[PDB]
Amino acid sequence: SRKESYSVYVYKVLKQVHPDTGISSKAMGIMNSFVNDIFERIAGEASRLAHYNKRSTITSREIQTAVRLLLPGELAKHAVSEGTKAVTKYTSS
Amino acid sequence: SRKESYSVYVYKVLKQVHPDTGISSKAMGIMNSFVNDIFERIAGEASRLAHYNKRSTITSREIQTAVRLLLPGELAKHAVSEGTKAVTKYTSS
Amino acid sequence: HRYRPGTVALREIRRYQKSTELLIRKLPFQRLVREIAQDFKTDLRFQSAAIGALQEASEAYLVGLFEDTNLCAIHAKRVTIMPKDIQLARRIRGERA
Amino acid sequence: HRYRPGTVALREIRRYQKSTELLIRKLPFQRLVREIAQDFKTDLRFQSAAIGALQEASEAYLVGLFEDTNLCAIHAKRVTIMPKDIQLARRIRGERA
Amino acid sequence: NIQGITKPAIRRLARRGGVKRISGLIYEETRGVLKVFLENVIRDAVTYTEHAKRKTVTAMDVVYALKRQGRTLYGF
Amino acid sequence: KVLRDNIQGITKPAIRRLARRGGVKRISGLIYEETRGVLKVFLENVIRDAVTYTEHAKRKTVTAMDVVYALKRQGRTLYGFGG
Amino acid sequence: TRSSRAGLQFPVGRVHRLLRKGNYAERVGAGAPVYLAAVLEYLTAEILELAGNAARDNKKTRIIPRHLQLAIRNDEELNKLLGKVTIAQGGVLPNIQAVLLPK
Amino acid sequence: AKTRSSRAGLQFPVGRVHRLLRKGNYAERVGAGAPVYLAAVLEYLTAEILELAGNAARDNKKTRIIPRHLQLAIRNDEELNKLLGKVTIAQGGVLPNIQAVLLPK
DNA sequence: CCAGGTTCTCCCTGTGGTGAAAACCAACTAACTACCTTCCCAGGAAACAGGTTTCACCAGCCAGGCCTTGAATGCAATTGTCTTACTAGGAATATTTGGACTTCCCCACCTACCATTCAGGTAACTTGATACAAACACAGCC
DNA sequence: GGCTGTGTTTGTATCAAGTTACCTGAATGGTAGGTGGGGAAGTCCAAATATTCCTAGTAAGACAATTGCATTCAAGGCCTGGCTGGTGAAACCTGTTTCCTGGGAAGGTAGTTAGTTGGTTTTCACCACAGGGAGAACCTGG
Ligand SMILES: [Mn+2]
């Protein structure tokens, strides 16, 4: 059939961060499963946060609280900063 | 407001199994949280089982497989027997 | 007269396993909870049952920790717990890395 | 000429921590998995990659178990390990069979 | 403050676990670990209470934070 | 074909090399048999789950994703096989 | 009435609503919630059975959480199901290690 | 800017993530900037891991990245090990680590 | 074996938590309808078990031997145990004050729909990072 | 100081990326629309703060007795290596079984209305257990 993945985006991020570092197929499969794992965790936690307050809509606030819950301190701080910058950049356009 | 619970059904089951055993309020609250906990576990596992096979309907089969997964051996065997009896009793009526 | 050392300790062990009341005094625990809570966010109020829930969780956690610590201490042919036993138990559970 | 006890073990520790191939021969593990699979249901077929995934997971489980057993044995002022250490580590993990 | 956890009180907890004889240096140890155990719970629970834009921690926030830890609490 | 006497397929140098990777120096002679027993218990609490997924979709072949879902349920996530 | 028609005790309509209002799938087929209600009925019956036995063995007739704690922590299979569970006002089993007791 | 990632200046497909969030039954409905924020989170985490991965890769004079380097970069750090302490990487291996009392004199 | 000290049991008094009962009211079932995922049937083919060979690497076995473990021991020292002063928590109670919660009302905003399009999986052609072999320097080990 | 292993470059060849042209289908875009969510005021509930007092738990000081700990020695139980044969492993051909795709029929299940019956709430008597105090007796040091 036609299976969906993330490898091209991993290439783009890798070439933004490193010019001359290759990558095997096994590492690509590991990073693909890694992205699916974190996305599954955050989506499930956001769903329970939306369900707890009798709300019926996922917004950016629930994902911000979920990322503040799951990730440890420094990663949570940097991730909230990055996401806030991205939301402002999208909104001003 | 008006909160929902299970205490009357716990009374009915208790009087089916014991004539002269009382129960405090604290034990009732514990059993209420217990029922909500097991129902939450089974419903979540049935949802993931329905999602894994690209199916979009929860039936009795998924709950049978979920109860066979979560509970240990003897409890799983007796629970599958009880649920099968209940399904046949409902269907024949 | 006097008791031999250790006998009334076993008496106390039977006494506290027999009963199920709270053991840590309430107001020092409540001041400790509010004192820790000041650092993460100021101007916070607590429902009292939430403080009770924290007390229950802390008690159960410490009881399980002391049981596993006792097992580690009995393994090394001693009958007295030591801080390396607590560190060993918290390592094997994987709490601290 | 003969090596002393102590050095060969360190050489093997450094080698088998350096390299990351597999350490269990494929066919006896395959016979074992297919045996235990037959014990539940008759006439079951496996993709080979699922057998490889099982071998990877069970190797990881045994390596982590021996690391925690080594910590428990070093705690009791010994160097040799004994099955008391494995039994204690599996009790403290909580998985009690 | 942290010395509110009292020296004969801790003994009682160890007597519930079935410990016969205790050293002294456990005491300065035991105030540490308990403190760390609060520093993971309350940090989560406050994060719920700011999410609902309220100023009072209710019991269900503590129950949810303990459920995410795995130490599931009944009765509440 | 009946199948039996395969738990001794795991040999003493294999467990020896596994303990060498963990950082263990001296091994008693009584570890070996005991280790086998632990391994057997572990495989039960994978395979008993795994085939249930295979029993659910009405199949005869246990794929790799079923083992990955079984290990993900047991609390040991595995990467590198999809899912 | 569905609970009488199956000959059960837990409210089938309530469990059916809670499967609807919980967002678990698209559609919930019938035959599922009666099966689930039977499972919950069996579990509650088992626990109240053992709790009543433990309560009668202490010369009482009401149930306090000490009874529930001693009922769960004696049976093996419920102990393995509820290992991650803390019960309020519970306590532990009377448990003494071997080398503690004197001579 | 045609794509939404171009409108936000990111690299992960926001339409794909929005499709998954709608068809993963996580809610009744999805707000606007939620997949944007989530794509940002994933991009930051992926860059943070691949950077230290490439550093550990060039520390052994190799050009490509094999999973041994991912294992060593995850375990040698602290925050990732707190995050990923329940994960077995295929072809992983352990850290080079020997206890203190085992070394002879 | 004897003195005393804590623990189990029996009986009397009191109570407030609990089972019971009348009234209130939102949820539960029956009946009809569209429609829609799902059950059933058949085939192509990818893959899995089966077998065989030939080799090639490693597991078993047995003797030597030597270092780890373990029991016995003396000695120091830390901790249980008892007593005396003291001090701060438990509880009622009043004050108060900020705050959650609920009733209404108004405004952004996500969904559905449909026409348009480009960037992304797929395959063939091309180069190159590296395992491997092999010889030589250094480090170190006994 | 002689025996050994790990590391330092040289060179291949090769299989494993990397690059580029192409065919699909998932993303983008303007417009109703209704609906979920933000604001505003009361009110009533519910945490915070003073007070006192008195009692039961806590802090401290001495004192032995019991446990932790360093030492010492015997023995045994496990490291080491040489060699035989023994089974894993790689490759290749063969049957055949199960899976996936595809089309058609269908029974099951959302969706709306109407009728009603079980699920909550308040108050009311009263009994199971708290409290205690007294006797008895099992328990532990002398
Ligand atoms: Mn068999």
# chains A, B, ... in the order shown; residues from 1 in each chain; ligands from 1
$ interface_residues --of "chain F" --to "chain H" --cutoff "10 Å" --atoms "only C-alpha atoms" --output "PyMOL selection string"
chain F and resi 21-25+72+75-81
$ residues_near_ligand --ligand "ligand 1" --cutoff "7 Å" --atoms "only C-alpha atoms (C1' of nucleotides) and all ligand atoms" --output "PyMOL selection string"
(chain D and resi 35+38-39) or (chain F and resi 2-4)
$ write_last_selection --atoms "N, CA, C and O atoms" --output "PDB file, in the first residue's frame"
ATOM      1  N   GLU D  35       7.990 -23.808  21.367  1.00  0.00           N
ATOM      2  CA  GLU D  35       7.491 -24.736  22.379  1.00  0.00           C
ATOM      3  C   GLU D  35       6.455 -24.087  23.285  1.00  0.00           C
ATOM      4  O   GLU D  35       5.345 -24.613  23.467  1.00  0.00           O
ATOM      5  N   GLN D  38       3.308 -23.376  21.556  1.00  0.00           N
ATOM      6  CA  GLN D  38       2.484 -24.567  21.378  1.00  0.00           C
ATOM      7  C   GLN D  38       1.745 -24.920  22.657  1.00  0.00           C
ATOM      8  O   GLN D  38       0.627 -25.446  22.603  1.00  0.00           O
ATOM      9  N   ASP D  39       2.348 -24.606  23.805  1.00  0.00           N
ATOM     10  CA  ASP D  39       1.730 -24.919  25.091  1.00  0.00           C
ATOM     11  C   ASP D  39       0.414 -24.178  25.306  1.00  0.00           C
ATOM     12  O   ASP D  39      -0.456 -24.670  26.031  1.00  0.00           O
TER      13      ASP D  39
ATOM     14  N   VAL F   2       5.879 -33.443  18.677  1.00  0.00           N
ATOM     15  CA  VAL F   2       5.946 -33.044  20.077  1.00  0.00           C
ATOM     16  C   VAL F   2       7.264 -32.314  20.313  1.00  0.00           C
ATOM     17  O   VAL F   2       8.256 -32.532  19.608  1.00  0.00           O
ATOM     18  N   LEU F   3       7.270 -31.393  21.276  1.00  0.00           N
ATOM     19  CA  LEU F   3       8.444 -30.585  21.579  1.00  0.00           C
ATOM     20  C   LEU F   3       8.684 -30.597  23.082  1.00  0.00           C
ATOM     21  O   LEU F   3       7.756 -30.353  23.859  1.00  0.00           O
ATOM     22  N   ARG F   4       9.925 -30.869  23.482  1.00  0.00           N
ATOM     23  CA  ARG F   4      10.292 -30.988  24.887  1.00  0.00           C
ATOM     24  C   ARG F   4      11.811 -30.905  24.972  1.00  0.00           C
ATOM     25  O   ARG F   4      12.505 -31.096  23.968  1.00  0.00           O
TER      26      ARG F   4
END
$ interface_residues --of "chain D" --to "chain C" --cutoff "8 Å" --atoms "only C-alpha atoms" --output "PyMOL selection string"
chain D and resi 68+72+75-76+88-89+92-93
$ write_last_selection --atoms "N, CA, C and O atoms" --output "short mmCIF file (atom, residue, chain, number, x, y, z; two decimals), in the first residue's frame"
data_model
loop_
_atom_site.label_atom_id
_atom_site.label_comp_id
_atom_site.auth_asym_id
_atom_site.auth_seq_id
_atom_site.Cartn_x
_atom_site.Cartn_y
_atom_site.Cartn_z
N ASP D 68 21.12 -5.16 38.58
CA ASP D 68 20.58 -4.92 39.91
C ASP D 68 21.00 -6.01 40.89
O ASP D 68 21.23 -5.73 42.08
N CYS D 72 23.09 -5.54 44.44
CA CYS D 72 22.65 -6.17 45.68
C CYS D 72 23.73 -7.05 46.27
O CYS D 72 23.89 -7.12 47.50
N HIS D 75 26.45 -4.96 47.85
CA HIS D 75 25.98 -4.46 49.14
C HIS D 75 26.30 -5.40 50.30
O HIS D 75 26.59 -4.94 51.40
N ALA D 76 26.27 -6.70 50.06
CA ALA D 76 26.45 -7.65 51.15
C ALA D 76 27.90 -8.09 51.34
O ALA D 76 28.13 -9.21 51.81
N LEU D 88 16.00 -11.61 46.17
CA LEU D 88 15.79 -10.34 46.84
C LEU D 88 15.53 -9.22 45.84
O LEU D 88 14.64 -8.39 46.05
N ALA D 89 16.27 -9.21 44.73
CA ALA D 89 16.08 -8.18 43.72
C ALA D 89 14.71 -8.29 43.07
O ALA D 89 14.06 -7.28 42.81
N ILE D 92 12.20 -6.84 45.52
CA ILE D 92 12.23 -5.38 45.65
C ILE D 92 11.72 -4.71 44.39
O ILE D 92 11.07 -3.66 44.47
N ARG D 93 11.94 -5.32 43.22
CA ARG D 93 11.28 -4.88 42.00
C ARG D 93 9.77 -4.92 42.12
O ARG D 93 9.07 -4.08 41.53
#
$ residues_around --residues "residue 29 (chain E)" --least-positions-apart "3" --cutoff "9 Å" --atoms "only C-alpha atoms (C1' of nucleotides)" --output "PyMOL selection string"
(chain C and resi 83+86) or (chain E and resi 25-26+32-33)
$ atom_distance --atom1 "CA of residue 48 (chain A)" --atom2 "CA of residue 26 (chain H)"
8.6 Å
$ atom_distance --atom1 "CA of residue 61 (chain G)" --atom2 "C1' of residue 17 (chain I)"
14.1 Å
$ closest_residue --among "H:64, H:82, H:2, H:105" --to "residue 21 (chain A)" --atoms "only C-alpha atoms"
H:64
$ closest_atom_pairs --of "chain G" --to "chain I" --cutoff "12 Å" --atoms "only C-alpha atoms (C1' of nucleotides)" --output "Markdown table"
| residue | atom | partner | partner_atom | distance |
| --- | --- | --- | --- | --- |
| G:1 | CA | I:29 | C1' | 6.9 |
| G:2 | CA | I:29 | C1' | 8.8 |
| G:3 | CA | I:28 | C1' | 11.3 |
| G:11 | CA | I:28 | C1' | 10.3 |
| G:12 | CA | I:28 | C1' | 9.9 |
| G:13 | CA | I:28 | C1' | 7.1 |
| G:14 | CA | I:27 | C1' | 9.1 |
| G:16 | CA | I:28 | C1' | 11.4 |
| G:17 | CA | I:27 | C1' | 10.7 |
| G:26 | CA | I:37 | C1' | 10.8 |
| G:27 | CA | I:37 | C1' | 10.1 |
| G:29 | CA | I:37 | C1' | 11.7 |
| G:62 | CA | I:18 | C1' | 10.3 |
$ closest_atom_pairs --of "chain J" --to "chain C" --cutoff "9 Å" --atoms "only C-alpha atoms (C1' of nucleotides)" --output "Markdown table"
| residue | atom | partner | partner_atom | distance |
| --- | --- | --- | --- | --- |
| J:47 | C1' | C:45 | CA | 7.1 |
| J:65 | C1' | C:5 | CA | 8.3 |
| J:66 | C1' | C:5 | CA | 8.5 |
| J:67 | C1' | C:79 | CA | 8.5 |
| J:68 | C1' | C:78 | CA | 8.3 |
| J:140 | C1' | C:3 | CA | 8.7 |
| J:141 | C1' | C:3 | CA | 7.2 |
